[PDB]
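Numbering (UniProt numbering), first residue to last: 2 to 206, 210 to 303.
Remarks on the structure that follows.
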């Protein structure tokens with residue numbers, strides 16, 4: 002056979018979270034919300050680093066953004082929505098022949114497990130990250146087609162079993178393995194304590213540390229929430245903790261590619277799927293998840 006991908010093979014992103022807004026509430030008065038605002042301040046000193054006791058910028062002021070809960074609210078509220086969109090096998094810019102046999106080759110993908118892991122990542126509150134430190138309690142509320150689910154203590158790095166995540170994941174899988182769309186409205190409550198610092202998304206560009217803001221209100225990037233949602237890959241070589249689904253399985257925090265140079269990257273399995281190579285339940289899920297994430301797969 003020896004069929005290769007078209008020059009311009011592109012797939013649209015199918016999991017679309019909104020940006021997340023950050024509010025302050027009291028744990029037992031979650032209705033009376035107030036917006037958490039990003040402020041700007043000046044800091045004296047720069048943490049000394051190895052060597053260089055006396056530098057130029059050590060005794061230099063730095064301008065940084067910050068965000069905190071007010072002193073009369075003890076709980077951080079994080080609100081966002083996530084729209085799952087179907088037709089995950091219909092390419093945006095790819096040809097058709099190469100993408101249609103890939104579609105029929107990945108038609109046995111365990112969509113139930115993919116949806117369960119996505120929804121679990123949402124319900125376990127992975128995207129909360131630094132905002133989980135020093136929290137007395139974390140609660141997640143998910144509404145979907147007039148159905149409210151509450152989650153309290155789920156292990157983040159173990160996709161443990163529970164029935165509400167399954168009920169949500171069945172609708173999500175019906176959309177992902179079919180047509181249409183479905184929206185989950187998500188709220189996270191972190192009992193942090195009055196005045197506690199909260200951690201919006203960081204931006205890297210004047211300011212020595214910038215925070216994401218929507219009209220001045222502390223916010224989290226949609227793409228960081230998406231990265232938290234797709235942290236489902238436990239099928240790479242020598243797998244321990246889940247990693248975000250990425251063509252080469254590479255992470256940005258510690259900078260390692262867990263799926264490079266071992267015949268387990270996205271493109272190798274892609275070509276094999278097209279050319280009739282036997283595919284495991286795991287790599288079918290991995291290829292379909294990369295199609296769900298979207299990207300440019302050619303050139």
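Backbone N, C-alpha and C fix where the C-beta goes; we use that ideal spot for every residue, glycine too.
Give me the Cα-Cα distance between residue i and residue j, rounded to the nearest whole angstrom.
i: residue 279; j: residue 99; result: 10 angstroms
i: residue 173; j: residue 64; result: 44 angstroms
i: residue 130; j: residue 2; result: 46 angstroms
i: residue 283; j: residue 62; result: 57 angstroms
i: residue 22; j: residue 57; result: 38 angstroms
i: residue 281; j: residue 295; result: 18 angstroms
i: residue 186; j: residue 151; result: 12 angstroms
i: residue 17; j: residue 224; result: 14 angstroms
i: residue 53; j: residue 204; result: 27 angstroms
i: residue 28; j: residue 200; result: 19 angstroms
i: residue 242; j: residue 270; result: 17 angstroms
i: residue 31; j: residue 160; result: 28 angstroms
i: residue 202; j: residue 217; result: 8 angstroms
Report the CB separation of residue i from residue j in whole angstroms; it is logged as a contact under 8 angstroms.
i: residue 84; j: residue 149; result: Contact flag wrong, Cβ pair sits at about 18 angstroms.
i: residue 268; j: residue 240; result: 6 angstroms
i: residue 37; j: residue 45; result: Not quite, the Cβ-Cβ distance comes to about 25 angstroms (not below 8 angstroms), so this is no contact.
i: residue 169; j: residue 143; result: 6 angstroms
i: residue 6; j: residue 274; result: 7 angstroms
Do residue i and residue j have their CB atoms nearer than 8 angstroms?
i: residue 188; j: residue 70; result: no
i: residue 209; j: residue 236; result: Position 206 is followed directly by 210 in the chain, which means residue 209 is not present among the coordinates.
i: residue 136; j: residue 193; result: yes
i: residue 191; j: residue 127; result: no
i: residue 39; j: residue 215; result: yes
i: residue 42; j: residue 67; result: yes
i: residue 287; j: residue 19; result: no
i: residue 75; j: residue 198; result: no
i: residue 255; j: residue 234; result: no
i: residue 102; j: residue 292; result: no
i: residue 176; j: residue 87; result: yes
i: residue 257; j: residue 14; result: no
i: residue 246; j: residue 299; result: no
i: residue 106; j: residue 222; result: no
For the beta strand (DSSP E) containing residue i, name the first residue and the last one.
i: residue 276; result: Where residue 276 is concerned, there is no enclosing beta strand (DSSP E), although the alpha helix (DSSP H) it sits in stretches over 270-278.
i: residue 67; result: 62-67
i: residue 175; result: Where residue 175 is concerned, there is no enclosing beta strand (DSSP E), although the alpha helix (DSSP H) it sits in stretches over 164-177.
i: residue 40; result: 40-45
i: residue 36; result: 30-36
i: residue 188; result: 182-192
i: residue 81; result: 76-86
i: residue 18; result: 16-18
i: residue 149; result: 149-152
i: residue 22; result: 21-27
i: residue 142; result: 139-144
Could you pull the start and end residues of the alpha helix (DSSP H) that residue i belongs to?
i: residue 297; result: 285-297
i: residue 57; result: Here residue 57 belongs to no alpha helix (DSSP H), and DSSP marks it neither H nor E.
i: residue 231; result: 226-233
i: residue 121; result: 112-124
i: residue 101; result: 98-106
If you compare alpha carbons, which of the options is closest to residue i?
i: residue 262; options: 244, 277, 276; result: 244
i: residue 93; options: 11, 265, 178; result: 11
i: residue 8; options: 81, 29, 88, 96; result: 96
i: residue 141; options: 80, 180, 158, 112; result: 80
i: residue 82; options: 27, 116, 123; result: 123
i: residue 116; options: 106, 167, 108; result: 167
i: residue 47; options: 161, 213, 204, 276; result: 213
i: residue 125; options: 113, 105, 253, 162; result: 162
i: residue 180; options: 60, 89, 59; result: 89
i: residue 145; options: 35, 30, 182, 242; result: 182
i: residue 285; options: 35, 113, 31, 50; result: 113
i: residue 171; options: 156, 121, 157, 266; result: 121
i: residue 72; options: 35, 49, 266; result: 35
i: residue 238; options: 55, 158, 4; result: 158
Taking 7 angstroms as the cut-off, is the beta-carbon of residue i closer than that to any non-hydrogen atom of the ligand NAP?
i: residue 110; result: Of the ligands one can find in the structure shown there are none, so the ligand NAP has no counterpart to examine.
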